[PDB]
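So the structure is just underneath, and the comments pick up after that.
There are 2 protein chains.
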Amino acid sequence: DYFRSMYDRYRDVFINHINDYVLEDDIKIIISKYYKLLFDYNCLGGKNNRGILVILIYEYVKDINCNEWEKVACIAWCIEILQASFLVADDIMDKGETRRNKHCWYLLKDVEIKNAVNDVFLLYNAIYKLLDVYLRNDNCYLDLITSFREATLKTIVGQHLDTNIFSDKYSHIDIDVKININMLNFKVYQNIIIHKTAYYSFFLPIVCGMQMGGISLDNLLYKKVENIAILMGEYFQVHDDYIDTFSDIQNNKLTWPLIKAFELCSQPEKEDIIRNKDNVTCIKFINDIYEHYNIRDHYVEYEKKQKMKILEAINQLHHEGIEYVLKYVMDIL
Amino acid sequence: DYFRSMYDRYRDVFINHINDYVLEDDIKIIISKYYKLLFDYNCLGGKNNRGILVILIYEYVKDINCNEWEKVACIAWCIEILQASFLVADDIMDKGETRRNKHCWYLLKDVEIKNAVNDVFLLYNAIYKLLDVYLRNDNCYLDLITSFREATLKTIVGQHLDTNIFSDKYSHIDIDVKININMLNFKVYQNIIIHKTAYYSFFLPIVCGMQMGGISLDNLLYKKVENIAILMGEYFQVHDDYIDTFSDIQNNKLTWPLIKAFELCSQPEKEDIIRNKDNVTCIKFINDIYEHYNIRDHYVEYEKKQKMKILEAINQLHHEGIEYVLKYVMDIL
Ligand SMILES: Cn1c(=O)c2cc(C(=O)NCCCN3CCCCCC3)sc2c2ccccc21
Ligand SMILES: Cn1c(=O)c2cc(C(=O)NCCCN3CCCCCC3)sc2c2ccccc21
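Which chain is which? The protein sequence lines are A and A', in order. A prime marks a further copy of an entry chain.
With PDB author numbering as the guide, the letters of the first sequence map in order to residues 35 to 96, 99 to 209, 212 to 215, 225 to 293, 304 to 333, 336 to 392.
With PDB author numbering as the guide, the letters of the second sequence map in order to residues 35 to 96, 99 to 209, 212 to 215, 225 to 293, 304 to 333, 336 to 392.
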């Protein structure tokens with residue numbers, strides 16, 4: 035897995051493109067420092083699951101030469117940069133404090149929101165910059181860039197839903215230039240997760256690996272895989288929420314524990330949940348409500364069932380390497 | 035000029051793509067309302083100079101059929117959406133209040149910064165979505181998307197410079215995770240303007256028009272034009288600053314009046330300028348300093364000289380239609 039070592043080779047390259055700009059040497063030095071810091075800060079320290087998935091899938095769908105490895109590692113790090121851009125955007129939107137156990141990029145003294153927005157856009161453009169640099173001549177250049185386009189669009193729509201579903205505008209169907228009860232249900236939650244997480248996290252890396260491996264687009268796999276991605280997305284996102292509840306409640310996010318507590322709890326407890336926001340007492344009240352009906356074991360049951368369904372789908376893929384890769388990913392948990 | 039009427043045909047199309055997503059009808063209705071509002075709010079009300087430039091240049095480099105008009109209007113509105121995304125990003129970054137004589141998109145009750153970031157990214161992706169929808173089969177699809185890539189990258193770098201040049205980090209050349228005197232000069236100002244404004248505002252539309260007209264990329268025009276764009280950018284950006292000073306001072310932006318006042322004023326007045336921020340008294344002090352040395356007439360002299368140089372470059376283009384279009388643009392002022 036010679037993936038991390040390639041990082042510099044790509045990052046520097048992008049900065050080199052900015053170095054070639056018509057600027058004075060001093061400005062060049064300062065911007066190179068700043069953008070190197072940005073990349074090393076927001077694209078490092080994570081598990082890099084997406085890029086590793088890309089690499090594994092490409093290897094298993096294929099004895100691979102150096103140019104292929106370079107292209108694949110570029111794609112993996114491009115997806116990692118997409119993750120970083122989404123992560124910084126979410127830190128800005130959700131008013132988060134710590135990401136990867138360090139201060140959010142927009143919270144730094146030298147980087148306010150003003151810099152954070154511009155930097156997220158820089159990262160998003162750098163993705164396609166590197167893709168153009170390394171894969172324009174490859175037969176799947178348009179397929180890859182359009183896969184990134186669609187994954188980003190669906191993630192953006194999912195983030196919008198995750199942010200604004202309980203807002204006043206989403207209630208009662212015009213806009214004027225609080226929990227919405229009808230909005231909390233498993234169908235809306237599935238929509239939010241699938242668009243928000245499933246595609247960019249799972250579908251996009253798998254599709255990139257398959258396309259680089261030589262699988263034709265019209266192959267039926269690209270739909271089966273999609274379904275699997277959806278399921279996996281669902282699975283992991285629920286897991287994520289399970290980790291959060293053990304600041305979704307603070308930001309009034311529609312979460313799996315909320316929906317299941319609402320389903321299980323009585324009407325007075327539904328009213329109590331509705332009444333409970337940036338206040339510790341309300342958060343602990345909702346945590347106690349969750350712990351009363353023991354939603355933490357319902358998550359275990361859901362994990363079992365969803366993993367069963369995912370494995371059933373994987374066995375229906377009928378492709379040895381991709382099946383092994385996805386089974387390994389699920390075994391990671 | 036059948037440009038505005040096409041707007042809906044493109045906007046709806048993009049929303050239709052989002053409608054095709056796997057969502058419930060209610061969520062579909064709400065998101066369609068919200069994104070239609072976003073597009074109609076941030077992409078309408080302006081002069082639409084960039085798109086009109088695209089259309090005029092394409093027409094003059096060419099008796100044009102319907103598919104060509106559709107593609108060209110799509111490109112023009114894509115550049116307008118790029119303008120809107122940059123405009124909303126700048127409103128977020130500079131903490132502005134009114135844009136196009138109405139509340140900034142991020143200031144609305146139903147749209148905070150959280151929604152504004154996601155919406156700017158949505159608009160940026162919608163640009164390439166429409167480009168793919170309308171021009172993927174055209175021979176210049178990659179050229180156009182890469183032109184957009186580079187224009188956006190240079191605009192992002194220019195915005196970063198315009199925002200952070202006077203910051204502490206830019207002084208003395212590492213980052214720790225006030226006016227910088229050495230930074231204010233005509234060379235740094237030229238860099239900031241050229242990257243920030245010249246390319247996306249002028250070079251990008253001209254290049255799109257020429258490429259759609261059938262001009263080969265390796266033609267020498269694509270460099271002469273670049274120079275002209277630079278000059279024009281410079282010109283107009285200075286004009287823009289002249290309009291602002293008649304909130305650049307509030308946000309501590311490096312502006313043409315600041316540099317020229319520093320050049321003309323004595324050392325005590327340089328210290329006074331440095332000492333003067337979100338305070339009315341300081342702003343009026345700097346305005347009085349500007350009005351003392353009458354920088355408002357130095358702007359007139361600069362306008363004359365820069366227009367002369369731009370016209371000299373245009374006469375050196377040696378292309379009738381593009382020369383006429385650029386002369387008309389300069390006559391707009
Ligand atoms: C391949 N692989 C993965 O792809 C994946 C994804 C995961 C996740 O929890 N994602 C939620 C993040 C929500 N963001 C949405 C974007 C918009 C804003 C940011 C917020 S865990 C995970 C994983 C775990 C172990 C092994 C492999 C894995
Ligand atoms: C074709 N045409 C133009 O292209 C143009 C551009 C103009 C301008 O003042 N731009 C500054 C805007 C700075 N933004 C930078 C992006 C990053 C953040 C936003 C801030 S005026 C103008 C113009 C005027 C009359 C006729 C034609 C024209």
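Cβ atoms here follow ideal geometry from the backbone N, Cα and C, with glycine treated the same way.
Distances from the CA of residue 370(A') to each of 329(A'), 382(A'), 305(A') and 378(A') were compared; the closest alpha carbon is that of 382(A').
By the rule that beta-carbons nearer than 8 angstroms mark a contact, residue 129(A') touches chain A.
Interface flag for residue 254(A') against chain A is unset, since no Cβ pair is found closer than 8 angstroms. Taking C-beta separations shorter than 8 angstroms and ignoring five residues to either side along the sequence, the partners of residue 86(A) in its chain run 35, 37 and 112, following chain order.
Proximity of chain A to residue 125(A') at the Cβ level (cut-off 9 angstroms) is accounted for by 153, 154 and 157, in chain order.
For residue 161(A'), the chain A residues whose C-beta falls within less than 7 angstroms of its own C-beta are 185, 188, 189 and 192, listed in chain order. Per DSSP, residue 292(A') is one residue of the alpha helix (DSSP H) stretching across 268-292.
Ranked by Cα distance from residue 284(A), the first of 247(A), 324(A), 380(A) and 109(A) is 247(A).
In this structure, residue 388(A) has its beta carbon less than 7 angstroms from a heavy atom of ligand 1. Taking a Cβ-Cβ threshold of 9 angstroms, the residues of chain A' close to residue 146(A) are 200, 203, 204, 205, 213, 214 and 215, in chain order.
Close to chain A', meaning a Cβ-Cβ distance shorter than 8 angstroms, is no residue of the region 355-386 of chain A at all. Per the Cβ contact rule, the region 193-200 of chain A is in contact with the region 121-132 of chain A (3 or more Cβ pairs under 8 angstroms). Around ligand 2, the residues selected by a Cβ distance under 6 angstroms to any of its heavy atoms are 83(A'), 84(A'), 87(A'), 122(A'), 123(A'), 126(A'), 191(A'), 195(A'), 243(A'), 244(A'), 248(A'), 249(A'), 283(A'), 284(A'), 287(A'), 388(A') and 391(A'), following chain order.
In this structure, DSSP gives residue 327(A) a helical state, which the three-state scheme calls helix. The beta-bridge partner set that DSSP reports for residue 135(A) consists of 138(A). Only residues of its own chain outside the window of five on either side were considered, and among them 141 have a CB closer than 7 angstroms to the CB of residue 75(A'), listed in chain order. Listed in chain order, the non-local C-beta contacts of residue 88(A) below 7 angstroms within the same chain comprise 108, 111, 112, 115, 252, 255 and 256, local neighbours out to five positions each way being set aside. Taking a Cβ-Cβ cut-off of 8 angstroms, the neighbours of residue 168(A) in chain A' comprise 182 and 185, given in sequence order. Listed along the chain, the chain A' residues whose CB falls inside 8 angstroms of the CB of residue 149(A) are 128, 129 and 149.
Residue burial is scored here from C-beta neighbours: residue 230(A') has at least 16 other C-beta atoms within 10 angstroms and is therefore classed as buried.
Excluding residues up to 5 positions away in sequence, 77, 159, 162 and 163 lie with their Cβ nearer than 7 angstroms to the Cβ of residue 117(A) in the same chain. In the structure shown, residue 114(A') falls within a helical segment according to DSSP collapsed to helix, strand and coil. Between the alpha carbons of residue 136(A') and residue 80(A') lies a gap of roughly 7 angstroms. Look at residue 238(A): its C-beta is under 8 angstroms from a C-beta on chain A'. Judged by DSSP secondary structure, residue 76(A) falls within the alpha helix (DSSP H) whose first and last residues are 59-76. In the DSSP assignment, residue 185(A') falls within the alpha helix (DSSP H) that extends over 177-200.
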